[PDB]
Amino acid sequence: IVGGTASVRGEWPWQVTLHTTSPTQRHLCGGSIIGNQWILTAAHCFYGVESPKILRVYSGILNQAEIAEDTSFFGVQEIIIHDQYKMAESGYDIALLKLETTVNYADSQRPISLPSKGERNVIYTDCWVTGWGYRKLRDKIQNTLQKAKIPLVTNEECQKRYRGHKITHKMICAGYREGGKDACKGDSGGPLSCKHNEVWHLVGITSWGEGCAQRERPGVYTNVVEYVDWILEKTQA
Ligand SMILES: O=C(/C=C/c1cc(Cl)ccc1-n1cnnn1)N[C@@H](Cc1ccccc1)C(=O)Nc1ccc(-c2nnn[nH]2)cc1
């Protein structure tokens, strides 16, 4: 997260850190708890991942330093990637992880609500991006979970900033014209969370951008409301 600040324990309890163990254990991507056995994340996180056995999901984490060999984690039973997905920049950048065991909800770990199709006209004014990603294009994975409040921009605006791409209706963009606050490397798969009528909604999944926090280059996110039917179908199995 560029231009953000350290979060406090318990303020983003749907946020998880997904680790891979191959070739060695490290943070791979963010994710969001959406059900007792279900993490929603980005499809692009699973490049080269041939088995769910190498994945570990850690919940209730503020600092990566909390994760040692003796720290509890959730195993992954199955990775479900959208069948139209090919790469992040062309969309369908969404995936589900079915956990091996169930998350017992607490103030440290609880699900975020999905957006409603009836809310497509809602102007979300209180949106936050979170994660352990770089704080500059060249930086490193953060110990402490970061947060930044970032304004949504219209898809029409976003398209003008990425004329070499197609910004689709299943994408949503966020950023300042002058830059300075954005997701960055290591934040992908995590949530863009918007508070509306005193409830947090999972509006976006951190997906891609050209550089981090650059002038006239908003961050691009998977537009979650455009996938609620897909999420339902896949979780009903
Ligand atoms: O995490 C991201 C974020 C990309 C991104 C998203 C938005 Cl909304 C706006 C700008 C973005 N960036 C553009 N250039 N950098 N960020 N991307 C992942 C892509 C990816 C994930 C998994 C597998 C392959 C590729 C990444 O680089 N992740 C990442 C994770 C860890 C490290 C890392 N560094 N040191 N140790 N681990 C570096 C990069």
# chains A, B, ... in the order shown; residues from 1 in each chain; ligands from 1

$ residues_around --residues "residue 6 of chain A" --least-positions-apart "2" --cutoff "10 Å" --atoms "only C-alpha atoms" --output "PyMOL selection string"
chain A and resi 1+4+8-9+62-63+130-132+142-148

$ residues_around --residues "residue 151 of chain A" --least-positions-apart "2" --cutoff "10 Å" --atoms "only C-alpha atoms" --output "PyMOL selection string"
chain A and resi 124-128+148-149+153-154+173-177+181+218

$ write_last_selection --atoms "N, CA and C atoms" --output "PDB file, in the first residue's frame"
ATOM      1  N   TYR A 124     -20.140   4.877  -3.642  1.00  0.00           N
ATOM      2  CA  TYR A 124     -19.347   4.532  -2.467  1.00  0.00           C
ATOM      3  C   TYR A 124     -18.338   5.646  -2.226  1.00  0.00           C
ATOM      4  N   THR A 125     -18.380   6.243  -1.038  1.00  0.00           N
ATOM      5  CA  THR A 125     -17.530   7.388  -0.709  1.00  0.00           C
ATOM      6  C   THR A 125     -16.487   7.088   0.370  1.00  0.00           C
ATOM      7  N   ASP A 126     -16.530   5.883   0.941  1.00  0.00           N
ATOM      8  CA  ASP A 126     -15.679   5.519   2.076  1.00  0.00           C
ATOM      9  C   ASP A 126     -15.014   4.162   1.830  1.00  0.00           C
ATOM     10  N   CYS A 127     -14.103   4.143   0.860  1.00  0.00           N
ATOM     11  CA  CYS A 127     -13.450   2.914   0.407  1.00  0.00           C
ATOM     12  C   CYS A 127     -11.980   2.866   0.795  1.00  0.00           C
ATOM     13  N   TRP A 128     -11.547   1.691   1.245  1.00  0.00           N
ATOM     14  CA  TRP A 128     -10.208   1.490   1.784  1.00  0.00           C
ATOM     15  C   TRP A 128      -9.545   0.281   1.138  1.00  0.00           C
ATOM     16  N   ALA A 148      -5.167   2.428   3.243  1.00  0.00           N
ATOM     17  CA  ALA A 148      -5.287   3.735   2.590  1.00  0.00           C
ATOM     18  C   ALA A 148      -6.717   3.945   2.123  1.00  0.00           C
ATOM     19  N   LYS A 149      -7.238   5.152   2.350  1.00  0.00           N
ATOM     20  CA  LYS A 149      -8.550   5.538   1.845  1.00  0.00           C
ATOM     21  C   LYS A 149      -8.357   6.084   0.437  1.00  0.00           C
ATOM     22  N   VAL A 153     -12.916   6.002  -9.079  1.00  0.00           N
ATOM     23  CA  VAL A 153     -13.034   6.812 -10.291  1.00  0.00           C
ATOM     24  C   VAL A 153     -13.946   6.065 -11.251  1.00  0.00           C
ATOM     25  N   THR A 154     -14.617   6.801 -12.127  1.00  0.00           N
ATOM     26  CA  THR A 154     -15.544   6.190 -13.065  1.00  0.00           C
ATOM     27  C   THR A 154     -14.770   5.320 -14.035  1.00  0.00           C
ATOM     28  N   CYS A 173     -12.057   1.013 -10.751  1.00  0.00           N
ATOM     29  CA  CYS A 173     -10.785   1.709 -10.559  1.00  0.00           C
ATOM     30  C   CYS A 173     -10.853   2.661  -9.367  1.00  0.00           C
ATOM     31  N   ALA A 174      -9.700   2.891  -8.748  1.00  0.00           N
ATOM     32  CA  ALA A 174      -9.600   3.787  -7.602  1.00  0.00           C
ATOM     33  C   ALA A 174      -8.234   4.457  -7.579  1.00  0.00           C
ATOM     34  N   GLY A 175      -8.216   5.741  -7.238  1.00  0.00           N
ATOM     35  CA  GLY A 175      -6.970   6.497  -7.203  1.00  0.00           C
ATOM     36  C   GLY A 175      -7.198   7.990  -7.267  1.00  0.00           C
ATOM     37  N   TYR A 176      -6.125   8.739  -7.035  1.00  0.00           N
ATOM     38  CA  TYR A 176      -6.136  10.190  -7.187  1.00  0.00           C
ATOM     39  C   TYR A 176      -5.507  10.555  -8.525  1.00  0.00           C
ATOM     40  N   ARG A 177      -6.012  11.616  -9.151  1.00  0.00           N
ATOM     41  CA  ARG A 177      -5.449  12.114 -10.407  1.00  0.00           C
ATOM     42  C   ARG A 177      -3.941  12.317 -10.297  1.00  0.00           C
ATOM     43  N   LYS A 181      -1.546   7.482  -3.564  1.00  0.00           N
ATOM     44  CA  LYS A 181      -2.132   6.413  -2.761  1.00  0.00           C
ATOM     45  C   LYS A 181      -2.646   5.316  -3.687  1.00  0.00           C
ATOM     46  N   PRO A 218      -4.743   5.027 -12.185  1.00  0.00           N
ATOM     47  CA  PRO A 218      -5.487   4.464 -11.054  1.00  0.00           C
ATOM     48  C   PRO A 218      -5.271   2.960 -10.907  1.00  0.00           C
TER      49      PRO A 218
END

$ closest_residue --among "A:111, A:52, A:3, A:164" --to "residue 80 of chain A" --atoms "only C-alpha atoms"
A:52

$ closest_residue --among "A:200, A:73, A:227, A:14" --to "residue 35 of chain A" --atoms "only C-alpha atoms"
A:14

$ atom_distance --atom1 "atom CA of residue 41 of chain A" --atom2 "atom CA of residue 157 of chain A"
25.3 Å

$ residues_near_ligand --ligand "ligand 1" --cutoff "6 Å" --atoms "only C-alpha atoms and all ligand atoms" --output "CSV table (one decimal) with C-alpha atoms, in the first residue's frame"
chain,number,residue,atom,x,y,z
A,28,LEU,CA,2.0,-14.5,-1.8
A,45,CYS,CA,-2.1,-15.3,-7.5
A,47,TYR,CA,0.5,-18.7,-11.4
A,137,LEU,CA,7.2,0.4,-6.6
A,140,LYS,CA,9.5,-4.8,0.2
A,141,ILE,CA,6.7,-6.8,1.9
A,183,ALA,CA,-2.1,-0.7,-3.9
A,184,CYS,CA,1.3,-2.1,-4.9
A,185,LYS,CA,3.2,-5.4,-5.1
A,186,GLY,CA,2.0,-7.9,-2.6
A,187,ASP,CA,-1.4,-6.3,-2.1
A,188,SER,CA,-3.2,-8.2,-4.9
A,206,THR,CA,-6.9,-5.7,-5.8
A,207,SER,CA,-5.8,-6.8,-9.3
A,208,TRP,CA,-3.4,-4.6,-11.3
A,209,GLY,CA,-2.1,-1.2,-12.4
A,210,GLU,CA,0.8,0.4,-14.3
A,211,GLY,CA,3.3,1.1,-11.6
A,212,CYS,CA,2.2,2.1,-8.1
A,219,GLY,CA,-5.4,1.0,-9.5
A,220,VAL,CA,-7.7,-1.6,-11.1
A,221,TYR,CA,-9.8,-4.0,-9.1

$ residues_around --residues "residue 76 of chain A" --least-positions-apart "2" --cutoff "9 Å" --atoms "only C-alpha atoms" --output "PyMOL selection string"
chain A and resi 52-57+74+78-79+97-101

$ closest_residue --among "A:237, A:194, A:87, A:228" --to "residue 114 of chain A" --atoms "only C-alpha atoms"
A:228

$ select_by_dssp --residues "segment 30-157 of chain A" --states "helix (DSSP H, G or I)" --output "list in words"
residues 43, 44, 45, 46, 52, 53, 54, 64, 65, 66, 88, 89, 90, 117, 118, 119, 155, 156 and 157 of chain A

$ write_last_selection --atoms "C-alpha atoms" --output "short mmCIF file (atom, residue, chain, number, x, y, z; two decimals), in the first residue's frame"
data_model
loop_
_atom_site.label_atom_id
_atom_site.label_comp_id
_atom_site.auth_asym_id
_atom_site.auth_seq_id
_atom_site.Cartn_x
_atom_site.Cartn_y
_atom_site.Cartn_z
CA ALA A 43 -6.96 -15.64 -9.94
CA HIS A 44 -3.53 -14.31 -10.93
CA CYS A 45 -2.09 -15.29 -7.55
CA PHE A 46 -1.97 -18.92 -8.60
CA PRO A 52 -3.41 -26.54 -3.12
CA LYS A 53 -1.17 -28.49 -0.70
CA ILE A 54 1.54 -25.77 -0.86
CA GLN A 64 3.78 -10.91 9.43
CA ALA A 65 6.19 -11.39 12.38
CA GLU A 66 3.34 -13.25 14.13
CA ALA A 88 -5.16 -10.02 -14.59
CA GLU A 89 -5.15 -7.13 -17.09
CA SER A 90 -7.94 -8.68 -19.20
CA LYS A 117 -26.87 -6.10 -7.28
CA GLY A 118 -29.34 -3.45 -6.11
CA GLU A 119 -26.37 -1.29 -5.05
CA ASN A 155 -14.80 3.50 -15.62
CA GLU A 156 -14.95 6.24 -18.28
CA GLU A 157 -12.16 8.11 -16.45
#

$ closest_residue --among "A:163, A:201, A:196, A:170" --to "residue 217 of chain A" --atoms "only C-alpha atoms"
A:163

$ residues_around --residues "residue 192 of chain A" --least-positions-apart "2" --cutoff "6 Å" --atoms "only C-alpha atoms" --output "list in words"
residues 128, 129, 203, 204 and 205 of chain A

$ residues_around --residues "residue 32 of chain A" --least-positions-apart "3" --cutoff "7 Å" --atoms "only C-alpha atoms" --output "ChimeraX atom specification"
/A:14-16,39-41,190-191

$ atom_distance --atom1 "atom CA of residue 27 of chain A" --atom2 "atom CA of residue 222 of chain A"
20.7 Å

$ select_by_dssp --residues "segment 28-192 of chain A" --states "strand (DSSP E or B)" --output "PyMOL selection string"
chain A and resi 28-35+38-41+55-58+63+74-81+95-99+106+109+113+127-131+144+146-149+152-153+171-174+182+191-192

$ closest_residue --among "A:121, A:182, A:216, A:37" --to "residue 160 of chain A" --atoms "only C-alpha atoms"
A:216

$ decode --residues "segment 79-204 of chain A" --atoms "C-alpha atoms" --output "PDB file, in the first residue's frame"
ATOM      1  CA  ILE A  79      -8.532 -23.571  -5.715  1.00  0.00           C
ATOM      2  CA  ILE A  80     -11.396 -22.405  -7.946  1.00  0.00           C
ATOM      3  CA  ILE A  81     -10.373 -20.018 -10.717  1.00  0.00           C
ATOM      4  CA  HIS A  82     -12.897 -18.323 -13.022  1.00  0.00           C
ATOM      5  CA  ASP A  83     -12.927 -20.335 -16.279  1.00  0.00           C
ATOM      6  CA  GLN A  84     -12.752 -17.204 -18.485  1.00  0.00           C
ATOM      7  CA  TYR A  85      -9.645 -15.939 -16.645  1.00  0.00           C
ATOM      8  CA  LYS A  86      -6.428 -15.673 -18.663  1.00  0.00           C
ATOM      9  CA  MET A  87      -4.504 -12.793 -17.086  1.00  0.00           C
ATOM     10  CA  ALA A  88      -5.163 -10.024 -14.590  1.00  0.00           C
ATOM     11  CA  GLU A  89      -5.146  -7.133 -17.088  1.00  0.00           C
ATOM     12  CA  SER A  90      -7.937  -8.683 -19.200  1.00  0.00           C
ATOM     13  CA  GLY A  91     -10.224  -9.369 -16.210  1.00  0.00           C
ATOM     14  CA  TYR A  92     -12.154 -12.269 -14.701  1.00  0.00           C
ATOM     15  CA  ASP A  93      -9.439 -11.927 -12.062  1.00  0.00           C
ATOM     16  CA  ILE A  94     -11.218 -13.787  -9.289  1.00  0.00           C
ATOM     17  CA  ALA A  95     -10.722 -17.039  -7.412  1.00  0.00           C
ATOM     18  CA  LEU A  96     -12.056 -18.927  -4.397  1.00  0.00           C
ATOM     19  CA  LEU A  97     -10.124 -20.965  -1.863  1.00  0.00           C
ATOM     20  CA  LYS A  98     -12.025 -23.706  -0.107  1.00  0.00           C
ATOM     21  CA  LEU A  99     -10.385 -24.222   3.266  1.00  0.00           C
ATOM     22  CA  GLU A 100      -9.644 -27.662   4.787  1.00  0.00           C
ATOM     23  CA  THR A 101     -11.111 -26.583   8.127  1.00  0.00           C
ATOM     24  CA  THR A 102     -13.643 -23.947   9.125  1.00  0.00           C
ATOM     25  CA  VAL A 103     -12.905 -20.480  10.468  1.00  0.00           C
ATOM     26  CA  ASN A 104     -14.421 -19.922  13.888  1.00  0.00           C
ATOM     27  CA  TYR A 105     -15.546 -16.322  13.702  1.00  0.00           C
ATOM     28  CA  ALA A 106     -14.240 -13.757  16.191  1.00  0.00           C
ATOM     29  CA  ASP A 107     -13.431 -10.032  16.393  1.00  0.00           C
ATOM     30  CA  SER A 108     -10.079 -11.055  14.842  1.00  0.00           C
ATOM     31  CA  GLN A 109     -11.542 -13.052  11.923  1.00  0.00           C
ATOM     32  CA  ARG A 110     -14.982 -12.618  10.409  1.00  0.00           C
ATOM     33  CA  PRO A 111     -16.554 -12.497   6.939  1.00  0.00           C
ATOM     34  CA  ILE A 112     -17.111  -9.370   4.865  1.00  0.00           C
ATOM     35  CA  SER A 113     -20.491  -8.978   3.189  1.00  0.00           C
ATOM     36  CA  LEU A 114     -20.724  -9.172  -0.585  1.00  0.00           C
ATOM     37  CA  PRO A 115     -22.235  -6.192  -2.430  1.00  0.00           C
ATOM     38  CA  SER A 116     -25.830  -6.370  -3.614  1.00  0.00           C
ATOM     39  CA  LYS A 117     -26.868  -6.102  -7.276  1.00  0.00           C
ATOM     40  CA  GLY A 118     -29.343  -3.448  -6.107  1.00  0.00           C
ATOM     41  CA  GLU A 119     -26.368  -1.293  -5.054  1.00  0.00           C
ATOM     42  CA  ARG A 120     -24.979  -0.761  -8.585  1.00  0.00           C
ATOM     43  CA  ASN A 121     -26.035   2.921  -8.393  1.00  0.00           C
ATOM     44  CA  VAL A 122     -24.618   3.494  -4.901  1.00  0.00           C
ATOM     45  CA  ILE A 123     -21.852   6.089  -4.865  1.00  0.00           C
ATOM     46  CA  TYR A 124     -19.347   4.532  -2.467  1.00  0.00           C
ATOM     47  CA  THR A 125     -17.530   7.388  -0.709  1.00  0.00           C
ATOM     48  CA  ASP A 126     -15.679   5.519   2.076  1.00  0.00           C
ATOM     49  CA  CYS A 127     -13.450   2.914   0.407  1.00  0.00           C
ATOM     50  CA  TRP A 128     -10.208   1.490   1.784  1.00  0.00           C
ATOM     51  CA  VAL A 129      -7.490  -0.706   0.289  1.00  0.00           C
ATOM     52  CA  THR A 130      -5.432  -2.863   2.650  1.00  0.00           C
ATOM     53  CA  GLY A 131      -2.465  -5.201   2.583  1.00  0.00           C
ATOM     54  CA  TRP A 132       1.162  -6.060   3.292  1.00  0.00           C
ATOM     55  CA  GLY A 133       2.396  -4.893  -0.125  1.00  0.00           C
ATOM     56  CA  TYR A 134       5.202  -2.545  -1.056  1.00  0.00           C
ATOM     57  CA  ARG A 135       4.935   1.121  -0.006  1.00  0.00           C
ATOM     58  CA  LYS A 136       6.738   2.198  -3.222  1.00  0.00           C
ATOM     59  CA  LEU A 137       7.223   0.427  -6.612  1.00  0.00           C
ATOM     60  CA  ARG A 138      10.638  -0.623  -5.311  1.00  0.00           C
ATOM     61  CA  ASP A 139      10.255  -1.610  -1.676  1.00  0.00           C
ATOM     62  CA  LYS A 140       9.488  -4.817   0.199  1.00  0.00           C
ATOM     63  CA  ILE A 141       6.709  -6.762   1.857  1.00  0.00           C
ATOM     64  CA  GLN A 142       5.563  -4.959   5.009  1.00  0.00           C
ATOM     65  CA  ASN A 143       5.461  -6.423   8.488  1.00  0.00           C
ATOM     66  CA  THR A 144       2.374  -4.464   9.573  1.00  0.00           C
ATOM     67  CA  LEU A 145      -0.878  -4.477   7.586  1.00  0.00           C
ATOM     68  CA  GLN A 146      -1.323  -1.109   5.844  1.00  0.00           C
ATOM     69  CA  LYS A 147      -4.450   0.848   4.931  1.00  0.00           C
ATOM     70  CA  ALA A 148      -5.287   3.735   2.590  1.00  0.00           C
ATOM     71  CA  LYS A 149      -8.550   5.538   1.845  1.00  0.00           C
ATOM     72  CA  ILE A 150      -8.808   5.850  -1.938  1.00  0.00           C
ATOM     73  CA  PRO A 151     -11.550   7.432  -4.053  1.00  0.00           C
ATOM     74  CA  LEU A 152     -13.291   5.438  -6.753  1.00  0.00           C
ATOM     75  CA  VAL A 153     -13.034   6.812 -10.291  1.00  0.00           C
ATOM     76  CA  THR A 154     -15.544   6.190 -13.065  1.00  0.00           C
ATOM     77  CA  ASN A 155     -14.797   3.501 -15.621  1.00  0.00           C
ATOM     78  CA  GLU A 156     -14.951   6.239 -18.279  1.00  0.00           C
ATOM     79  CA  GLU A 157     -12.162   8.109 -16.450  1.00  0.00           C
ATOM     80  CA  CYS A 158     -10.159   4.935 -15.890  1.00  0.00           C
ATOM     81  CA  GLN A 159     -10.346   3.970 -19.583  1.00  0.00           C
ATOM     82  CA  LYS A 160      -8.822   7.334 -20.553  1.00  0.00           C
ATOM     83  CA  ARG A 161      -5.859   6.496 -18.282  1.00  0.00           C
ATOM     84  CA  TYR A 162      -5.337   3.024 -19.799  1.00  0.00           C
ATOM     85  CA  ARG A 163      -5.885   3.490 -23.542  1.00  0.00           C
ATOM     86  CA  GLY A 164      -3.729   0.429 -24.310  1.00  0.00           C
ATOM     87  CA  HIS A 165      -6.204  -1.719 -22.335  1.00  0.00           C
ATOM     88  CA  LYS A 166      -9.918  -2.386 -22.178  1.00  0.00           C
ATOM     89  CA  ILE A 167     -11.325  -1.310 -18.827  1.00  0.00           C
ATOM     90  CA  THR A 168     -14.471  -3.427 -18.631  1.00  0.00           C
ATOM     91  CA  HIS A 169     -17.712  -3.147 -16.648  1.00  0.00           C
ATOM     92  CA  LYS A 170     -16.464  -6.028 -14.455  1.00  0.00           C
ATOM     93  CA  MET A 171     -13.532  -3.827 -13.345  1.00  0.00           C
ATOM     94  CA  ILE A 172     -13.546  -0.891 -10.959  1.00  0.00           C
ATOM     95  CA  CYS A 173     -10.785   1.709 -10.559  1.00  0.00           C
ATOM     96  CA  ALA A 174      -9.600   3.787  -7.602  1.00  0.00           C
ATOM     97  CA  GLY A 175      -6.970   6.497  -7.203  1.00  0.00           C
ATOM     98  CA  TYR A 176      -6.136  10.190  -7.187  1.00  0.00           C
ATOM     99  CA  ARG A 177      -5.449  12.114 -10.407  1.00  0.00           C
ATOM    100  CA  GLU A 178      -2.126  13.259  -8.941  1.00  0.00           C
ATOM    101  CA  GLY A 179      -1.374   9.761  -7.591  1.00  0.00           C
ATOM    102  CA  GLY A 180       0.174   9.085  -4.197  1.00  0.00           C
ATOM    103  CA  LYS A 181      -2.132   6.413  -2.761  1.00  0.00           C
ATOM    104  CA  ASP A 182      -2.542   2.974  -4.342  1.00  0.00           C
ATOM    105  CA  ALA A 183      -2.130  -0.734  -3.881  1.00  0.00           C
ATOM    106  CA  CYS A 184       1.268  -2.132  -4.884  1.00  0.00           C
ATOM    107  CA  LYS A 185       3.221  -5.376  -5.145  1.00  0.00           C
ATOM    108  CA  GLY A 186       2.014  -7.902  -2.575  1.00  0.00           C
ATOM    109  CA  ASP A 187      -1.427  -6.303  -2.101  1.00  0.00           C
ATOM    110  CA  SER A 188      -3.154  -8.207  -4.893  1.00  0.00           C
ATOM    111  CA  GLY A 189      -6.007 -10.555  -3.991  1.00  0.00           C
ATOM    112  CA  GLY A 190      -6.870  -8.405  -0.983  1.00  0.00           C
ATOM    113  CA  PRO A 191      -9.989  -6.321  -0.483  1.00  0.00           C
ATOM    114  CA  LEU A 192     -11.189  -2.930  -1.582  1.00  0.00           C
ATOM    115  CA  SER A 193     -13.651  -2.470   1.293  1.00  0.00           C
ATOM    116  CA  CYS A 194     -16.316   0.245   1.275  1.00  0.00           C
ATOM    117  CA  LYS A 195     -18.420   1.238   4.277  1.00  0.00           C
ATOM    118  CA  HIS A 196     -22.015   2.035   3.340  1.00  0.00           C
ATOM    119  CA  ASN A 197     -24.976   2.343   5.722  1.00  0.00           C
ATOM    120  CA  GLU A 198     -22.720   1.236   8.607  1.00  0.00           C
ATOM    121  CA  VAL A 199     -21.769  -2.075   6.953  1.00  0.00           C
ATOM    122  CA  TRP A 200     -18.512  -3.009   5.208  1.00  0.00           C
ATOM    123  CA  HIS A 201     -18.924  -4.363   1.686  1.00  0.00           C
ATOM    124  CA  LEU A 202     -16.375  -6.161  -0.466  1.00  0.00           C
ATOM    125  CA  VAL A 203     -16.548  -3.904  -3.527  1.00  0.00           C
ATOM    126  CA  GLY A 204     -13.263  -4.877  -5.189  1.00  0.00           C
TER     127      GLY A 204
END
